[PDB]
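Heads up: the structure comes next, in structure tokens.
Counting from 1, the numbers follow the sequence of the chain as shown. Numbering of ligands and ligand atoms starts at 1, following listing order.
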Amino acid sequence: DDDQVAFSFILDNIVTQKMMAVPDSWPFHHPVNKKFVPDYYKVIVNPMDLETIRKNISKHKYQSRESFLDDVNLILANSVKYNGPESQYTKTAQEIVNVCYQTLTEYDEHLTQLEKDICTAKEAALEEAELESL
Ligand SMILES: C=CCCn1cc(-c2cccc(C(=O)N3CCOCC3)c2)c2cc[nH]c2c1=O
């Protein structure tokens with residue numbers, strides 16, 4: 001059963017091959033350094049970036065497309081808050097989100113099945129642990 005590794009492989013390749021390849025997406029590649037953007041963390045209370053999402057994928061944080069997309073959306077929402085809805089930074093963040101949604105559709109059937117199977121295995125392992133404890 002390599003379902004979690006296969007799921008994470010798909011998400012990681014969307015991040016590196018598609019999202020990070022959006023032109024001029026460098027502002028979103030790494031966490032903001034306050035030495036470079038002094039007021040950032042005075043405004044943004046739930047920061048996010050693509051390197052952090054990759055570290056999360058490597059730790060198998062995401063078991064669903066919805067949970068992965070929550071962090072992807074946090075990047076867009078943070079740019080709307082910090083830069084404004086019309087800023088070029090926000091237009092770039094919107095392109096990152098849209099390429100993410102478009103690339104995920106290429107794996108719709110497979111990701112649907114992987115999410116179901118990961119869930120089934122999680123539930124069965126939980127029941128086994130509960131029974132072993134009693
Ligand atoms: C992840 C979301 C943050 C996206 N973002 C990034 C920067 C910006 C501009 C210059 C340097 C940096 C910066 O700290 N760097 C470089 C990238 O590598 C990490 C160190 C960030 C910025 C400036 C005004 N608005 C934004 C902004 O919304």
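For ligand 1, the atoms lying closer than 4.0 Å to a non-hydrogen atom of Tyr82 are 24 (C), 25 (N). Heavy-atom contacts of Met48 reach the following atoms of ligand 1: 1 (C), 2 (C) (cutoff under 4.0 Å). Numbered from 1 in the order shown, with element, the atoms of ligand 1 that lie under 4.0 Å from a heavy atom of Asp49 read 1 (C). Atoms of ligand 1 found under 4.0 Å from any heavy atom of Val32 (numbered from 1 in listed order, with element): 3 (C), 14 (O). Per-residue contacts place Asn83 under 4.0 angstrom from the following atoms of ligand 1 (heavy atoms of the residue considered): 24 (C), 25 (N), 26 (C), 27 (C), 28 (O). Distances below 4.0 Å separate heavy atoms of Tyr40 from the following atoms of ligand 1: 2 (C), 3 (C). For ligand 1 and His30, the ligand atoms under 4.0 Å from any heavy atom of the residue are 1 (C), 18 (O), 19 (C).
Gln88 is listed as a side-chain neighbour of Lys91, based on a closest heavy-atom distance under 4.5 Å.
The shell of residues lying under 4.0 angstrom from ligand 1, judged by heavy atoms, includes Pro31. Heavy atoms of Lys35 stay at 4.0 angstrom or farther from ligand 1.
When every heavy atom of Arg54 is checked against every heavy atom of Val15, the shortest pair comes out as CG-CG1, 3.6 Å. Taking all atoms of both residues into account, the shortest heavy-atom contact from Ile96 to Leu50 is CG2-CD2, 4.4 Å. For the residue pair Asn78 and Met48, the shortest heavy atom distance occurs at ND2-N, 3.8 Å.
Here the straight-line distance linking atom CG of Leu76 with atom CD of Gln94 works out to 5.0 Å at 0.5 Å rounding. To the nearest 0.5 Å, the span separating CG on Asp117 from CG on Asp1 amounts to 7.5 Å.
For atom 14 (O) of ligand 1, the closest non-hydrogen atom of the protein is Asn33 N, 2.9 Å. Among protein heavy atoms, atom 21 (C) of ligand 1 sits closest to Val37 CG2, 3.5 Å. Given atom 4 (C) of ligand 1, the protein heavy atom at minimum distance is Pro27 O, 3.4 Å. Of all protein heavy atoms, the one closest to atom 17 (C) of ligand 1 is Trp26 O, 4.0 Å.
Of the candidates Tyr89, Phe36, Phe28, the one placing a heavy atom closest to atom 20 (C) of ligand 1 is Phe36.
With hydrogens and angles left out, the side-chain atoms of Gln63 and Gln4 include a donor and acceptor closer than 3.5 Å. A donor atom on one side chain and an acceptor atom on the other are not found under 3.5 Å apart for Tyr62 and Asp70. Looking at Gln102 and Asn98, their side chains never bring a donor and an acceptor atom within 3.5 Å of each other. In summary, the side chains of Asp108 and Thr105 do not present any donor paired with an acceptor at a separation below 3.5 Å, with no hydrogens or angles considered.
At a 4.0 Å heavy-atom cut-off, ligand 1 does not touch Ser79 at all.
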